[PDB]
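K.L.:
Whatever this is, show me its structure:
(4 chains)
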Protein chains: 4
Amino acid sequence: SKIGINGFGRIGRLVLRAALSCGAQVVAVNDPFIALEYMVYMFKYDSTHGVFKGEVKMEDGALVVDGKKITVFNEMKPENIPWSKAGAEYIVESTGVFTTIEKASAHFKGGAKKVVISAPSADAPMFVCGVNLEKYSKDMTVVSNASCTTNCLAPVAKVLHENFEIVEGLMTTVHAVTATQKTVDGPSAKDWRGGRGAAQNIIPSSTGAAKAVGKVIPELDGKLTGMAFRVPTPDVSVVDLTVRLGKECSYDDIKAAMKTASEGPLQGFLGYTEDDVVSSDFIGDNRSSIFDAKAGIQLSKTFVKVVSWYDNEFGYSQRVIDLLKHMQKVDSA
Amino acid sequence: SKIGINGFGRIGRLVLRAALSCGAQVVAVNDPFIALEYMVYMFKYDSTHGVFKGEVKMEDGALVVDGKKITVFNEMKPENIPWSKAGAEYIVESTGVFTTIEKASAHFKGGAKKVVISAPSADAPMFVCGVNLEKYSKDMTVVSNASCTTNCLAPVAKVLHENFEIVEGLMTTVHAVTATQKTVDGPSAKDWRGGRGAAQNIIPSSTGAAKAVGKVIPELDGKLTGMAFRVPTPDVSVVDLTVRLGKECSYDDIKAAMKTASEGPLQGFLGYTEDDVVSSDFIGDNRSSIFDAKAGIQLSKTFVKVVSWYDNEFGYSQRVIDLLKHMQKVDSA
Amino acid sequence: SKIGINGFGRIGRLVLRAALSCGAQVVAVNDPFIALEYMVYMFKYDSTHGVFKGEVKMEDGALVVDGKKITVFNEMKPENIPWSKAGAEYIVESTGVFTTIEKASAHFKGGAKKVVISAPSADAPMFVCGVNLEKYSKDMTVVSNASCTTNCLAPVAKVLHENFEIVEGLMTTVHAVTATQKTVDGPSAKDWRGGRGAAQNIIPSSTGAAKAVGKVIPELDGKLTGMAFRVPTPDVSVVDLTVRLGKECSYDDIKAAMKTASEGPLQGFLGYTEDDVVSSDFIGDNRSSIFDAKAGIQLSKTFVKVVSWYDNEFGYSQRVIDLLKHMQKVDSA
Amino acid sequence: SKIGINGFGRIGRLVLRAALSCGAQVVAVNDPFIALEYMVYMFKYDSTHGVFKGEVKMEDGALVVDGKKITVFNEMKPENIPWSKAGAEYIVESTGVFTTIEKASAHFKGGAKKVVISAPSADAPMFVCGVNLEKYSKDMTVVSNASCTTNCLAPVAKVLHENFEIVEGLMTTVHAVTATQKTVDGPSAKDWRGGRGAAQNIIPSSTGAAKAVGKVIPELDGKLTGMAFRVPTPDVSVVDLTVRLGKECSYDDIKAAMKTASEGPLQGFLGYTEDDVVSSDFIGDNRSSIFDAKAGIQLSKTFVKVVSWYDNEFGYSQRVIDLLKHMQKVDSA
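P.N.:
Numbering: from 1, shown residues only, chains lettered A, B, ... in the order given. The structure is reproduced below:
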């Protein structure tokens, strides 16, 4: 294993924090606007997932978590980050700014070599664990792993459709506060309705069902669209999908299906429940999207609605490491 | 005008304070577990809509609000509440415990006569402002006015449908906490997942869109269903409805259809905006349902989603007041 | 060991939950208002501390947790609960209604034997770990363990005082919502300003600075008093304590005083942090009170302010376990 | 009357909307990072305060509110702002950046003349309404007007002291969120424990009790100091003062010192109540500081604790208004 974490906040850290609990190589970190000694404190403590326990302290000028020397670097320009002097071959791009094959590639200049963009990209392919896989192979150097939501409907589409089809469909995500969403009104000079007070409000949000779904499981590319509400909730989020379906079924079969798949092949990615209630239970639930056989579920013959919940902050976080992995296997020879 | 408001917490209250921004008659209130000096203090102040101005004091042993003595009484059972010695014509039920003609009816015994249920009834007619109207005449003694969510969907159904037909559809209301929602887990002995931490979580919710709607705008009795989530938000609540239409059209006209309404006949009930953002603004917006033309709206050819926000606590408040009135011109002759 | 936990809400549970991370003996549980089957569900799930892993299910008509048969009973009257056919000698009392020697003693009639009140009581002893101990011996049958604030302030008192003496103090507790605190106003028929909306508001609250502290640590019994603020927070709580000191010293020795103590004697019960920030970290932190060296601290000669945070839900829960324990050692022989 | 408001967010704004409720002059705004038509929308609508009714529109390239052409401008450095072509006599400084005599004088260069610091300064005088007054006269061109908390303490200390004296005192401010306080952990490079997540947590806050009170009411420059907790709460706030008195007296006369002051001199600045509870009622209460008489107030013969709330957003908003007014009486001749 060998990895690298360009920048580090929400994704940046759990991705790291994830690497660790999994079997991922410690690395190099590189985050301007955060000094070596804030990261220790800044990754050791977590409002929502919280604290940690490793040997989390600095030493010979860098971060040593759990007794393992992970260089940390800084530079407001990646064509500059070392990985030559450094020697971490797989880089993860966190930042937010550096989303396109053009903006990533830039890694190398410095000295570097293979990349994964932790967000949705306009040119870069767009892996999602279920289906990612095959579509994926070694030609690929700057792969991109489509978001949290996409990762939540991905699974859930695949089941639904292939198995009953999906002819047309809509989706509501009930997002739970994000980095952006301001503490109390203000600018979103671009994002305007989320310039507003993030804690008193139910606030719409343009999103992407369109996005990876079409872009990942292409038989679709054109049948799903969808929206989002951002709510006080600190970390969960329930994706709301309604389908005109195709193969008349019984809400029931919706059940069985997702179950048969929770174990069969979506094994670790889709989960399935009926042991109800839940709510932002999932907080810390390394998973991908879980099916709630019974809650917010409802049928009308071939017109159905399902609920799937994520953990936005870290189901995804585990995935980057799984995307991250999978490739090594293939990539490595 | 003579009123009566059996009980008073959320509806009981704002329906009190409703009455007086109108041209309503004061009365008699009758809330067990609540003494006269609690009420004044308990009406003067509202965390959500709050404070007031009225001459808010006890006098010659009853409530005097805005220098206009309105009795108040207490008894755990309405077949005993005065209205005899009282002289309070139309009586409104808030409590919750007394929902059906069987249970309202009982009013009389004490000495009574004219009544409306602030909630869904089993047997009771079920007027909604827009449509309620002509279906309703004086045969009806104990008529009910189905709820908050419903009140927000009538309007929007009736435009949509009548106008593009609606063949099948689905709905998500994002409720904002209620009376019920435990402040930190606990029994819901009957209502289990909203027993849970109503301020950490998004919690599913059986609801009634087929409810009032079907049993209000008959032609549908059967094509709509839906569910709910209670989110932190102290007072708002966006109704999400998806429809397979009937008459192909373009989310556009969904636009003008709702606009012509807001003005034409759906005057003061349905509202419509295009000046976006909005959020939990609506707080204190005597209205009923507001189409949000552009927000959490999406089209796909004859498959669509519309978004309208309520005000659970008092858009409905003004309605009882109008169901309440309407009743009088007709009823009184 | 052999226990019994009469009832189970916030305390009954984490008290259960408690026994088990220790080496406490499971038992019998006895809660009107809750079926067997809802317990399992109500015990393994938790907004704030959540999920568990236990062999969490029922069997030959009881609760088996982690393959260990704990009987469950329900009766609205404890002089009625088995402890007889039951064989469980130390009962714990969570309810809330049964706070006095008079009220507890009760137990026995049915058949039973030895008890602790996880509440503050009129007449029963009032043990708190740090100090409690010695003043405690086998005479006491229905001894009680004064609350969490107290649990919070004993150590922090005892350290300051014995050590720089303490001539007069005041205290503010920033409490973090409770069972009571209605989700949207309402009755508080005896408790009024915590009948109001407790997710919108900073709502004061009478409290027991005086309570258990005088009553626990004698020499004070007249020098401390306080108040509380309930804030949105789901679970932590910070005691703010001002003292006119006695022995001049410097904010500093306040520091070593507590640190030297974190290790010395208040060992597991007092904490001490200089590694700042913290905030409602402590979430799930089996402890007692932790002193935050530098945060919410301030000096001026011998007039000072100190800050310790709790975990009202579950530092306290460990303690009942400890109180519950020690007794055994004394009591048993 | 002529005003001018450099920048405009939380204060900038309500000082606009404050002026207006007044008899202030409209003006010209000047807020880089915000377009003419976002202003209008951003002036119009408020999560906490909200909406308006004004003739809120853009016209001949400026904002006309309430049919009053108030010019707007944009550039990232006021030594450049017009006020010469322009003609708005008194400039008010909001932004944040530009807090010193040095920093505002800067204004001039462009063309301008008179100024106020809606913020604490290091070199600019510090006027609070109660005491600012006389200390103030015309040799002062770029005057400063201490902040929220201060404004809340000023009156309360002023009565207490003068009147019972104040020897040693400490304070707790229970602030409610801020422009800054990140909604999900994160940077606070300068201010770290507030970089942490503002919505989950109770979070310390350095403050200045020391600040303007010392530098306001001369006589104390040295007897007080304090801290702050931010909580969820969107907008209200309560200053917690504990004091070693000097003149003995008893909780009570604390009452009437404060009550006779509301009427007498602190007339419309300190307000005082006993019809208790309140809470984050205050929301929009043009005022300054209100003494809650009986709420988390406690004596012990010359050691007390008085509680007073503010409305940080806009009690201070009206103040700028009259610091501003007053200046004009004098300033003009």
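
K.L.:
right, and the helix or strand after the lengthiest strand in chain A?
P.N.:
Criterion DSSP state E: the longest strand present in chain A is strand A:165-176. Per DSSP states H and E, the first helix or strand lying C-terminal to strand A:165-176 is helix A:215-216.

K.L.:
Pull the residues that contact that following helix.
P.N.:
A:126-128, A:131-132, A:135, A:146, A:150, A:154, A:221 (CB atoms under 8 Å, 6 or more residues apart in numbering or on different chains). Where C-beta positions appear, they are placed from N, C-alpha and C, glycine not excepted.

K.L.:
Can you go through those residues and name the buried ones?
P.N.:
Neighbour counting with 16 or more other CB atoms under 10 Å in any protein chain shown marks A:126-128, A:131-132, A:146, A:150, A:154 as buried within the contacts of helix A:215-216.

K.L.:
tell me which parts of chain A are close to chain C?
P.N.:
Residues of chain A lying near chain C by CB under 8 Å from any CB of the partner chain: A:41, A:45, A:47, A:50-51, A:275, A:277, A:279-281, A:283.

K.L.:
got TSV for the residues you listed, with neighbour count too?
P.N.:
Below are the residues of chain A next to chain C laid out as TSV (neighbours: other CB atoms under 10 Å in any protein chain shown):
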residue	neighbour count
A:41	15
A:45	20
A:47	20
A:50	15
A:51	13
A:275	13
A:277	21
A:279	26
A:280	24
A:281	21
A:283	22
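
K.L.:
a markdown table for the residues you listed, including secondary structure?
P.N.:
Formatted as a markdown table, the residues of chain A next to chain C follow (DSSP: H, G, I helix; E, B strand; the rest coil):
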| residue | secondary structure |
| --- | --- |
| A:41 | helix |
| A:45 | coil |
| A:47 | coil |
| A:50 | coil |
| A:51 | coil |
| A:275 | coil |
| A:277 | coil |
| A:279 | coil |
| A:280 | coil |
| A:281 | coil |
| A:283 | coil |
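
K.L.:
what two of those are the furthest from one another?
P.N.:
Farthest-apart pair in the residues of chain A next to chain C is A:41 and A:275; separation 37.7 Å (CB to CB).

K.L.:
re the thing from before, could you dump the buried ones among the contacts of helix A:215-216 to CSV with secondary structure?
P.N.:
CSV is the format used below for the buried ones among the contacts of helix A:215-216 (three-state DSSP):
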residue, secondary structure
A:126, coil
A:127, coil
A:128, coil
A:131, coil
A:132, helix
A:146, coil
A:150, helix
A:154, helix
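
K.L.:
all helices for chain A, in order.
P.N.:
A:10-21, A:36-44, A:101-105, A:132-135, A:148-164, A:215-216, A:251-263, A:316-331 (DSSP state H).

K.L.:
Of these, which is nearest residue B:27?
P.N.:
Nearest to residue B:27, of all these, is helix A:251-263, at 48.1 Å by CB to CB.

K.L.:
Might you calculate how far the closest one sits from the centre of the chain?
P.N.:
Here helix A:251-263 is found 24 Å from its chain centre; the criterion is CA atoms, centre = their mean, to the nearest Å.

K.L.:
Could you list every helix and strand in contact with that helix?
P.N.:
If contacts are counted by 3 or more CB pairs under 8 Å, 6 or more residues apart in numbering or on different chains; DSSP states H and E, helix A:251-263 sits against helix A:148-164, strand A:290-291, strand A:298-300, strand A:303-309.

K.L.:
With adjacent residues omitted, what lies nearest to whichever residue of the stretch 101-250 of chain A sits closest to chain B?
P.N.:
Using CB to the nearest CB, the point where the stretch 101-250 of chain A gets nearest to chain B is residue A:232, with a distance of 3.3 Å. Nearest residue to residue A:232 in three dimensions, chain neighbours excluded: residue B:232, at 3.3 Å (CB to CB, 6 or more residues apart in numbering or on different chains).

K.L.:
Spit out the contact partners of the spatially closest residue to residue A:187 that is not a sequence neighbour.
P.N.:
Nearest non-adjacent residue to residue A:187, counting by CB to CB, 6+ apart: residue A:195, 4.9 Å away. Residue A:195 is in contact with A:182, A:185-189, D:42, counting by CB under 8 Å, 6+ apart.

K.L.:
Also residue A:219?
P.N.:
Residues in contact with residue A:219 (CB under 8 Å, 6+ apart) are residue A:161.

K.L.:
next one: phi and psi at it?
P.N.:
The phi/psi pair for residue A:219 (degrees, to the nearest 10) reads phi -40, psi -20.

K.L.:
where does it sit relative to residue D:326, distance-wise?
P.N.:
Residue A:219 is 72 Å from residue D:326, where distance means CB to CB, to the nearest Å.

K.L.:
likewise residue A:164?
P.N.:
According to CB to CB, residue A:164 stands 74 Å off from residue D:326.

K.L.:
Between those two, which has more neighbouring residues?
P.N.:
Between residue A:164 and residue D:326, counted using other CB atoms under 10 Å in any protein chain shown, the more crowded position is residue A:164 (19 against 15).

K.L.:
residues contacting the more buried one?
P.N.:
A:243, A:245-247, A:249, A:253-254, A:257.

K.L.:
Just the buried ones from the residues you listed?
P.N.:
Buried by 16+ other CB under 10 Å: A:243, A:245, A:249, A:253-254, A:257, out of the contacts of residue A:164.

K.L.:
and which of those is nearest to residue A:302?
P.N.:
Closest approach between the buried ones among the contacts of residue A:164 and residue A:302, by CB to CB: residue A:245, at 4.5 Å.

K.L.:
List only those of the contacts of residue A:195 flagged as buried.
P.N.:
Buried by 16+ other CB under 10 Å: A:182, A:185-186, A:188, D:42, out of the contacts of residue A:195.

K.L.:
got a list of what residue A:193 touches?
P.N.:
By CB under 8 Å, 6+ apart, the contact set of residue A:193 is A:203-205, B:276-277, B:279, B:295.

K.L.:
whoops, I mixed them up, residue A:125
P.N.:
Residue A:125 makes contact with A:135-136, A:140, A:143-144 under the criterion CB under 8 Å, 6+ apart.

K.L.:
so which of the residues you listed is the most crowded?
P.N.:
residue A:144 (27 neighbours).

K.L.:
Near the residue of the stretch 51-200 of chain A found nearest chain D, how many other residues are there?
P.N.:
Closest contact between the stretch 51-200 of chain A and chain D, by CB to the nearest CB, is at residue A:197 (3.3 Å). Residue A:197 has 23 neighbouring residues, counting by other CB under 10 Å.

K.L.:
Would you check how far apart residue A:78 and chain C are?
P.N.:
Separation of residue A:78 from chain C (CB to the nearest CB, to the nearest Å) stands at 30 Å.

K.L.:
Leaving out chain neighbours, which residue sits closest to the residue of the stretch 1-150 of chain A found nearest chain D?
P.N.:
Chain D sits closest to residue A:47 of the stretch 1-150 of chain A, with a gap of 4.0 Å, by CB to the nearest CB. With CB to CB, 6+ apart as the criterion, residue A:47 has its nearest non-adjacent residue at 4.0 Å, and that residue is residue D:197.

K.L.:
Now do the contacts for the one you found.
P.N.:
Residues in contact with residue D:197, defined by CB under 8 Å, 6+ apart, are A:47-48, A:234, C:279, D:182-186.

K.L.:
Tabulate these (TSV), appending distance to residue B:77.
P.N.:
Shown next, in TSV, are these (distance: CB to CB, whole Å):
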residue	distance to residue B:77
A:47	50
A:48	49
A:234	45
C:279	50
D:182	54
D:183	49
D:184	51
D:185	54
D:186	57
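
K.L.:
which of those lies closest to residue A:33?
P.N.:
Taking CB to CB as the measure, residue A:33 sits nearest to residue D:186 out of the contacts of residue D:197, at 9.9 Å.

K.L.:
what sits against the closest one?
P.N.:
Applying CB under 8 Å, 6+ apart, the residues near residue D:186 are A:9, A:179, D:195-197.

K.L.:
mind redoing it with 10 Å?
P.N.:
For residue D:186, the contacting residues are A:9-10, A:33-34, A:42, A:179, D:192, D:194-198, by CB atoms under 10 Å, 6 or more residues apart in numbering or on different chains.
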